[PDB]
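> So I pulled this structure from the PDB, and the sequence comes with it:
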Amino acid sequence: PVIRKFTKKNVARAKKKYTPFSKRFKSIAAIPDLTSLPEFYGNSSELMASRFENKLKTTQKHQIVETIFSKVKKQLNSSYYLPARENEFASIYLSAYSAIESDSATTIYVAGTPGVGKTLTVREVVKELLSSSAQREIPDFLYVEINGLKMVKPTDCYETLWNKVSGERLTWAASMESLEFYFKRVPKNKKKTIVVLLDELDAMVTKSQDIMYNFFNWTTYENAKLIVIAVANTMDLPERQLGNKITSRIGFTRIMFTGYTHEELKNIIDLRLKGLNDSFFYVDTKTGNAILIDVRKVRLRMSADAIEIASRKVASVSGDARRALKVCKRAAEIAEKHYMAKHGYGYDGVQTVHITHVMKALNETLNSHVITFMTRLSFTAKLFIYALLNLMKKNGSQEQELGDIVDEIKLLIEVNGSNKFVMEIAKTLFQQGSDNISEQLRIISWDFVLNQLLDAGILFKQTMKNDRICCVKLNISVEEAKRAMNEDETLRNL
Amino acid sequence: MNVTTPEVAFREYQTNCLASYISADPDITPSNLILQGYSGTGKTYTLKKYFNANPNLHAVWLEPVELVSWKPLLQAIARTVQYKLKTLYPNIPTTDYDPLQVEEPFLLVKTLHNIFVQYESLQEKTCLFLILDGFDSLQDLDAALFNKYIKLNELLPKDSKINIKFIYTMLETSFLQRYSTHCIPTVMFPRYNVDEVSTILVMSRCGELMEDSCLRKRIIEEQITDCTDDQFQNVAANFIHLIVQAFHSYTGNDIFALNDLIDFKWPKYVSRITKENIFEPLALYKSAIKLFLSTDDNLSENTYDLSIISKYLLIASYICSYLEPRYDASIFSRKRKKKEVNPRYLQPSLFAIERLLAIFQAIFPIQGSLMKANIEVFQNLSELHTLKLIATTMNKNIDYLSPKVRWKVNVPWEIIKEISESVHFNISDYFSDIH
Amino acid sequence: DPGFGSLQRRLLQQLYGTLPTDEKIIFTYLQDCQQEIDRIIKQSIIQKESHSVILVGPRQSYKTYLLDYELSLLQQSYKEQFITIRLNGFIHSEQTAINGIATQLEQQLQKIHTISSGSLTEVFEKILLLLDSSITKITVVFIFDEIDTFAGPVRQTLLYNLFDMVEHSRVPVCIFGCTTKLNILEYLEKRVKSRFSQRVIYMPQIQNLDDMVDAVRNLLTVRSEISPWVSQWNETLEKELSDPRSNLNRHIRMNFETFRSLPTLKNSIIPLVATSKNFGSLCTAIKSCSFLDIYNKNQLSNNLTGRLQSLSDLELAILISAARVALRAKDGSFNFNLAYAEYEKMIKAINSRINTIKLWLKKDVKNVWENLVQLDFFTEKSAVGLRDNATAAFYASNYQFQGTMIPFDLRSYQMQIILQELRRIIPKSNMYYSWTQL
Amino acid sequence: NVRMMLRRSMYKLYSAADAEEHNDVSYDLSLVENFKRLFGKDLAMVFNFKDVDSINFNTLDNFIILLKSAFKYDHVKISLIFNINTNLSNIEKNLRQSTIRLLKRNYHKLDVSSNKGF
DNA sequence: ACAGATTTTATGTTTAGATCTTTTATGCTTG
DNA sequence: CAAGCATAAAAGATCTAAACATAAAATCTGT
Ligand SMILES: Nc1ncnc2c1ncn2[C@@H]1O[C@H](COP(=O)(O)OP(=O)(O)OP(O)(O)=S)[C@@H](O)[C@H]1O
Ligand SMILES: Nc1ncnc2c1ncn2[C@@H]1O[C@H](COP(=O)(O)OP(=O)(O)OP(O)(O)=S)[C@@H](O)[C@H]1O
Ligand SMILES: Nc1ncnc2c1ncn2[C@@H]1O[C@H](COP(=O)(O)OP(=O)(O)OP(O)(O)=S)[C@@H](O)[C@H]1O
Ligand SMILES: [Mg+2]
Ligand SMILES: [Mg+2]
Ligand SMILES: [Mg+2]
């Protein structure tokens, strides 16, 4: 036997065939009815999803408690009639319906900022169009959702499509050629229309610039009956990635999504709480279980001004629906925490919310902690920050050699020999209190404090072997450090 | 807890702390520990003494110096842990895992978990110490490797019968401070004093020096049949003290270098021993005084085979490097003053090939023409460069022909000087301006 | 005596935190944070509600300990309703994270009652199909340590999947990301930030010295009947923590002002409480705290002045000469020949002032130079010590540095310790103190 | 660099030993540690540095120090051959003093050349 | 036509070669 | 002449593409 120059024993290769669909049938006239075959399309193999479903199921439960705000928290999540995206819904639905009843291939490229309903509205369009197809108004079709960012490698998205339209398992190259031959040579008589939702096209293109070209070119063929719904963040992704000539020779409907305004977000929140706002609940003081219409009737409502101010605050910065939903849910959670803090209901006469709770949640989301992180640091940390600020003010280079920091600290701690803190901090800071410890060149906690600041993302030190001349910058803005040092009680004295 | 503290020579506190931390009870033993200290500070020695004084607790000894990268380190960790567990409990029925199956830290986590679950029939909680002796001495070291081993203990099962505790060993005290905020208990090992190192050398070397065959041969040859082991111990201790007092200022406090010097100088010292000398401590010092003044640690027992033309090319290259071009014409008119900063102490300057050839022609003596540059001159220059004597100013893939490459001499003053006297060409003449 | 041995073992076990759960000592300043984390994890496991959270704080800020305490407390009663999957951002890379998640899923599923087989893409699709998709659902509680490595600059493939998974999937999911950076939200890209629950709870900090002394009292006061000495020892400690002038309180003040890290004080106390051989020794050592001073001296005994006091005479002379040359130079750089020239001028001046000092030769000062640069007193001209990660270290290993090829004499160095500090350290009685300044 | 020196040396050792003697082992110095157990024979490795002047002496010195660690086995003996071209002055100048001290215990200056002796 | 021989997809592992960026060794230049 | 001022080139961080390398599944070849 040979002697291996290096061994990889963790290799695991999937059982995927290599022969593309071109050589499978040996004749274009020999292609059978691909619509009705045992394995093609969604005609088999639904057992796997049922195999893993029972894996996480348990057989034990013990009197779960659903409080008054549990219903609100469960109905306000992002898991679940969209009113604010009706125009784009209608446009994309009209495009898809025209392409599906005319037996033609098209591409709809929709782009927008994260969390504005783009994926939700396209999924709603596909669901409604599938429901219409169930009424036998258009030829039947299969929906294949190919999420770009839910894949280990970008070239995976080919084989998935094949595995979802052909039941076979092929490698990415064989999948490419098989899909091209199926979209180019198979006659329209023996094919079923395919709708592909290339979610998060941004992650698919990267360095390859192959996925997007293949998917926007497969819709050009007349034989192919494909309706590619690509969705992305940047509106100019195609024209940049493919080039003006290609994006012109491919005619695809472009849609842009704008972030919701405050009125739209308020409407979304109100619609998601139509069944719970101003409702009567039966609650038992023994455990706190709430039942929707010792038992007490409690009225639950969410203040309109709180929703309005939350929507105004969240829409003015991003307009993302998910952030508004999450901040409202956090306000409800704060109210519920106060509820069991006052009552003590545990687990296993009008209750409402207030603008104070929403404001608390918004402040938690927005306000940073660096100004609060400095003010609770050790004395040596604030001394180090003070010396850094002093040297930055003196030199103006917004970066300082570390040995120069040490020298400034020593000078600062020796000039103020009469300050009421310094004469007793100097001993514990240079000799660590006890004798028998010689005068230390650096502070006692110098390495500890330097690493504490570097780890906390609050100070950047370039990598150098010479600890004397390595330079450190303040990642945080200089105003924060000055405010933090002003908040101290003894640093401002000296 | 109930562990025995061994008796070491000058590491009382270090061994007290080491016994305080290391213990056979995994509940009261830190999951990480660092014996930090420089070379010769005696940390492997005291650690080995501790682990030989408490055989009831088990350890695995590793040397990351031999395991250059991190992947061999992981593979060796897995293999040695498996082998030690098999040796300790041969009665447990266990399947083997190939040590070469681990290639990432996650695979090491999985392999350690799989080895530890199959040893679940142990009666009592057992801690296994994995001594990464020399972790900082890794040749593929980087800042983001130690903390992998720091946080490794979190990924292993909490309730497993066998718990692996790490005992690292680094020697830099600037690599350690990078992780100073991890607050992992550590035992810093200070260096050794002159008296301490002398005592250690006496303790660790008098037996070997007394039991030298050379000394026995010298005694039986010189016929001194009145001696005791006390006399030999005294003479060995006197030699150790003499060598320490004579070379401590030169060697510092490194025990290894002092051991090398002792091994080097003992044969001559014992060869200079005669009848009345041995019974007089000052006789050896006054008679073998040569050994104890000048150190001898170089290969030359106590130049270039280049051609004449290559030697002159080297001399011309050095002259070009260490002379200002604007002074070349004035100095070499062979057919405000000079600087006294002694540029021979600074890095050699960069010159051009044409200047080198011109000054080489200027300095070459007339034979039989001025030795017009021919194939031999250029071949000798290229051979000098491939000997790394005339280094260029560009990285690999060098092209000597581009008019953007410059040459600089790559020998110090000593080599070029003694080459100059080798060919009997004056070199402290053109540098007489700079003395 | 066995009583003191049992008390010592119990006390040191209390110090190390390995004390059994339901009686673990919890400090009074992180009780609020513990209640918050308990609220989150119980609201997620008991009520099967999925949500995410990122813990932030310095190293050894009691976040892994707090989460482990919560899991241990909640596992002794409700063990069949949740499976714990823990990833560490240091050892688990981007590719290996999927393998680790699959392995831990299959292991916990086997324990409570395949996935990991196949290629990595098959593994990822399998775990996604499994988990993303009267009785309840076994909640999968994720625990990310150092989530800032998974945060990444560009890809963020795993975080997006897991946050969309906690936002949209059916099985209840927790994900606790224990990271260090304060600006953790700036690391996550726009989509992952939108998916993230936008909830971060910051680790509490020691705001008052009273908090630290109360924490130390809670940590070091054994509160159970194990040994006959427990009745005595406790009150002793109380006395030592009642008088402000007491030595242990002074050391607590020192730690509060310098480190403000309780684990450092605990690592100091452990050898103090393990060295004592009887109860009298333990009492007198906790009264005197001499071993704390010994420990502090040992910790600092090797950094830069413990190093400096181990230099021999010639080594100190060469160090001083090199410092002189560095200070005289404009950029602080020097080399072997300049340092030796200054050293020989210094020794000649001293001898002319005159017992006789042997001016060591070049070939005998070369060894001192190598030892001095080996003790990290000098550094190369522009040399980076340790690279940030493995790729950069590999790139550097393949490259050939210029300073390596330059001969030994002409290698240009730089100084760790300036001449002024060298004067500040060296005692006045030393015979080189005259040349320690220009 | 040092790691590739070691990997090449261990690969050559394994290949030659297996060819003489007619599972796998990772390429590291522990192959020398396990050699007596693996092949039931003593070892004698002879390192021939072809052009010792061209190698940057930092990595050569590190490799020699690494090889020094292989003397705790009492069944392996090592022999080094340095194909020096210029003289020992450059070797003394470049190599660390500790490495020269370690080499000095057994060295043999052998003058082999076509131009020597006439 | 069944096991061996070759291929196809899928990495890991070193060597040779590239451009960016930072610093600093060169010139330009009055007396 | 040096300082100022400018461009220039050395030293190295950071990276990629190619040569060299192994390996498991599926295809292609002869009895
Ligand atoms: N028109 C709408 N009516 C009601 N709720 C909405 C509406 N649009 C968005 N939402 C809510 O906000 C969420 C947005 O989810 P998606 O639309 O999938 O996010 P997205 O816009 O695709 O962002 P990505 O995936 O980051 S590009 C929905 O799941 C709902 O919870
Ligand atoms: N306390 C001691 N008592 C006796 N001998 C000692 C002592 N300390 C060191 N030695 C001697 O030192 C030598 C061993 O040195 P090591 O302990 O290996 O040094 P080291 O610092 O561990 O080496 P590194 O760091 O691994 S290069 C032997 O000669 C020991 O006898
Ligand atoms: N398994 C454990 N059981 C009890 N206490 C522990 C355990 N592991 C660590 N600790 C203690 O936790 C404290 C250190 O804080 P940890 O939470 O462990 O680290 P951390 O705060 O998570 O820091 P990281 O991991 O670097 S972000 C010390 O008191 C440790 O002794
Ligand atoms: Mg989406
Ligand atoms: Mg050792
Ligand atoms: Mg952790």
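Sure, I can see it. Numbers count the residues shown, from 1 in each chain, chains lettered A, B, ... in the order given. Ligands and ions are numbered 1, 2, ... in the order given.

> Summarise which helices and strands whichever strand or helix holds residue C:15 is packed against.
Using DSSP states H and E, residue C:15 falls within helix C:2-16. Here helix C:2-16 touches helix C:209-220, helix C:230-240, helix C:262-275, helix C:279-288, going by 3 or more CB pairs under 8 Å, 6 or more residues apart in numbering or on different chains; DSSP states H and E. (Each C-beta comes from the backbone N, C-alpha and C, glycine too.)

> Next, the residues that contact that helix from outside, please.
B:1-2, B:25, B:27-28, B:30, C:19, C:25, C:219-220, C:222, C:224, C:226-230, C:233, C:266, C:269-270, C:273-274, C:276, C:278-279, C:282 (CB atoms under 8 Å, 6 or more residues apart in numbering or on different chains).

> which SS state does the residue located most distally from the centre of chain B fall under?
Here chain B reaches farthest from its C-alpha mean at residue B:335, the gap being 54.0 Å by CA atoms, centre = their mean. Following DSSP: H, G, I helix; E, B strand; the rest coil, residue B:335 is assigned to coil.

> Please list all residues in contact with it.
Applying CB under 8 Å, 6+ apart, no residues contact residue B:335.

> So for chain D, the centremost residue is which one?
residue D:47 (3.8 Å).

> Over to it. Which of the three states is it?
Applying three-state DSSP: residue D:47 is strand.

> Look up how far residue D:45 lies from the nearest residue to it once chain neighbours are set aside.
Nearest residue to residue D:47 in three dimensions, chain neighbours excluded: residue D:80, at 5.1 Å (CB to CB, 6 or more residues apart in numbering or on different chains). Using CB to CB, to the nearest Å, residue D:80 is found at 10 Å from residue D:45.

> Of the two, give the one with the bigger neighbour count.
Ranked by neighbour count (other CB atoms under 10 Å in any protein chain shown), residue D:80 and residue D:45 place residue D:45 first, with 19 against 15.

> just the strands in the chain please.
As the question left the chain open, I've gone with chain A. Along chain A, the segments classed as strands by DSSP state E run A:106-112, A:141-145, A:193-198, A:226-232, A:253-257, A:279-284, A:290-292, A:295-301, A:351-352, A:400-401, A:460-461, A:471-473.

> Chain B, not that one
Going by DSSP E, chain B shows strands at B:34-37, B:58-62, B:126-133, B:162-169, B:186-189, B:390-392, B:407-409.

> Kindly report the same for chain C.
Under DSSP E, chain C gives strands at C:51-56, C:82-88, C:139-145, C:173-179, C:200-202, C:378-380, C:413-415.

> Could you pull out the buried residues of stretch A:342-354?
Buried residues in stretch A:342-354, counted by 16 or more other CB atoms under 10 Å in any protein chain shown: A:345, A:347, A:351, A:353, A:354.

> The first one and ligand 3, how far apart?
The gap separating residue A:345 from ligand 3 is 30 Å, by CB to the nearest ligand atom, to the nearest Å.

> quick one: the nearest residue to that residue once chain neighbours are set aside and residue A:424, what's the gap?
Spatial nearest neighbour of residue A:345, chain neighbours left out: residue A:288 (3.6 Å); criterion: CB to CB, 6+ apart. Noted for residue A:288: a distance of 55 Å to residue A:424, by CB to CB.

> Next: residue D:36.
Distance from residue D:36 to residue A:424, by CB to CB: 65 Å.

> higher neighbour count, the two?
Set residue D:36 next to residue A:424 and count neighbours by other CB under 10 Å: residue D:36 wins out with 15 against 12.

> and the more buried one, what does it touch?
Residue D:36 touches D:42, D:43, D:73, D:75, counting by CB under 8 Å, 6+ apart.

> which pair in those residues spans the largest distance?
D:42 and D:73 (10.0 Å; CB to CB).

> Comparing the two, which residue is more hemmed in?
Between residue D:42 and residue D:73, counting by other CB under 10 Å, residue D:73 is the more crowded of the two (15 against 12).

> list the contacts for the closest residue to that one other than its chain neighbours?
Residue nearest to residue D:73 in three dimensions, not counting chain neighbours: residue D:33, with 6.1 Å by CB to CB, 6+ apart. Taking CB under 8 Å, 6+ apart, we find residue D:33 in contact with B:66, D:70, D:73.

> As a markdown table, these with distance to residue C:172 would be great.
Shown next, in a markdown table, are those (distance: CB to CB, whole Å):
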| residue | distance to residue C:172 |
| --- | --- |
| B:66 | 49 |
| D:70 | 56 |
| D:73 | 57 |
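
> just those that are near DNA strand F?
Counting by CB under 7 Å from any atom of the strand, nothing from these sits close to DNA strand F.

> Which of the residues you listed sits closest to residue A:484?
residue B:66 (49.5 Å).

> Measure how buried residue C:211 is and give me the count.
Quick note: residue C:211 (other CB under 10 Å) scores 18 neighbours.

> What residue, apart from its backbone neighbours, is nearest it spatially?
Residue C:211 sits nearest to residue C:29 (CB to CB, 6+ apart), 4.5 Å away.

> my guess is the one you found contacts residue C:213, does it?
No. Between residue C:29 and residue C:213 there is no contact under CB atoms under 8 Å: 11.3 Å.

> rewinding a little: winner for burial among the helices and strands packed on helix C:2-16?
helix C:262-275 (a mean of 21; mean count of other CB atoms under 10 Å in any protein chain shown).

> that older thread, possible to save the strands of chain A as TSV with distance to residue B:397?
Listed next are these as TSV, based on distance: least, CB to CB, whole Å:
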stretch	distance to residue B:397
strand A:106-112	46
strand A:141-145	51
strand A:193-198	45
strand A:226-232	43
strand A:253-257	50
strand A:279-284	79
strand A:290-292	77
strand A:295-301	77
strand A:351-352	77
strand A:400-401	37
strand A:460-461	35
strand A:471-473	34
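
> Figure out which of these is closest to residue C:437.
strand A:400-401 (21.6 Å).

> since we're on the residue in the stretch 351-494 of chain A positioned nearest to ligand 1, how many residues are nearby?
Nearest to ligand 1 in the stretch 351-494 of chain A, going by CB to the nearest ligand atom, is residue A:365, at a distance of 16.6 Å. Residue A:365: 17 surrounding residues under other CB under 10 Å.

> residue contacts, it?
A:327, A:330, C:198.

> what ranges do the helices span in the stretch 201-350 of chain B?
B:213-222, B:229-251, B:255-271, B:275-278, B:281-287, B:308-321, B:328-331 (DSSP state H, counting those that start in this stretch).
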